[PDB]
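Here we start with a single chain on its own, the form deposited in one PDB entry, put down as structure tokens.
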């Protein structure tokens, strides 16, 4: 009998991608039926394409469950990021999850961290076990879990403390103040209110899945499994299930024509647009590096809005001058496919977590260029694990300062010129493939989670 697992993602590819890979892992790999309760329409078109493809490729085990949004008035959070606004619109629709869950006869609910504080109560009154899929690193899970106690300890009669400094996560390490997600400095920020509420409820859920592997983050994973992080001393089981594997266009025809390990692939993720002054230094750094490069560019946060002319954003001269030696697009690329290709030798990445798991699975060295949110925490893991290297001094969003074309070009040449870089990254690939293979720590963790789902048949 196939356990029924209901999966409840939030908005953006960073939250949807790992849910689509989990669904396939649970269905093909462990004999589960999976219902993915996703909101329609999606903020980005890339989410729509991924959902459409998921429900074909992984049918009949994986199925769509329609989840309608109550109307939400965005006037409440003026100037908020569109994905954060969809996070909140979806959180206030959690009512509707109750009926859906009764109808699905779920063995278990797996909810996005983003939605955990509102999904867990609904699961409890419908009698369904409720697990959280944390979508970023174990280091960031350890931050999310400790941040409420941090804020509490720094609360002093006569106020609720504003700002964040160095965060000494028990039994893990120190997050320097400058690596704290920018939004967390404001306890009233839309993201922060969600992040704090979701961290508070984590002690009271049935377990937490993380798309990482023990050898990648041994200290963070060891602290989460002992419960160091909560001082109360009680934490749910943590299942390390990653790096989860993925489920011919002009850029691929180009790429296959290039020599092995020759191409610098460049992308800052699905929801970041680099300001133009920094964009020009990156263009000229790539040019000056002398390396072949494949560069994905965004002018807006949401792909649907992106109308800018590539020529108009970078330079019509630049584009003609790098013809042939390089490939530059403002459209979507199937990055999972690029990162498996033998012709890629370097990934300049914003250190979004799903991007890092992809470079980890395939052993691709990472030039870390974090921009916001969790990305400086994740960049320190890049450096720490030997997946790549990270110049801590490069500025990120909200800081003044510009990484120059010389800095880019020199760091690109060093990464590809120093063989230890490719070798360290390949050792991460080796450990990642082992983790998800039969005898690996991630395969076993996933087997244990599926066993829990089997024991919940009603």
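We call the rigid core whatever largest set of C-alpha positions still superposes within 1.5 Å between the two forms. Residue numbers count along the first chain shown, from 1.
Keep in mind that the form deposited in another entry is missing from the display, and what follows is about it.
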Checklist line | From 277, 188, 125, 76, residue displaced between this form and the one not shown - CA threshold 2 Å or more, rigid core | finding: 76
Next item on the list: Indicate whether residue 86 shows a C-alpha shift of 2 Å or more between this form and the one not shown, with the rigid core used for the fit.
Entry: yes
Item checked: Core-aligned CA displacement of residue 304 at least 2 Å between this form and the one not shown -> yes
Item checked: Distance trend in the other form - C-alpha atoms of residue 318 and residue 305, change of 3 Å or more -> closer
Note to self: With a change of at least 3 Å, which way does the C-alpha separation between residue 301 and residue 12 go in the other form: closer or farther?
What the structure shows: farther
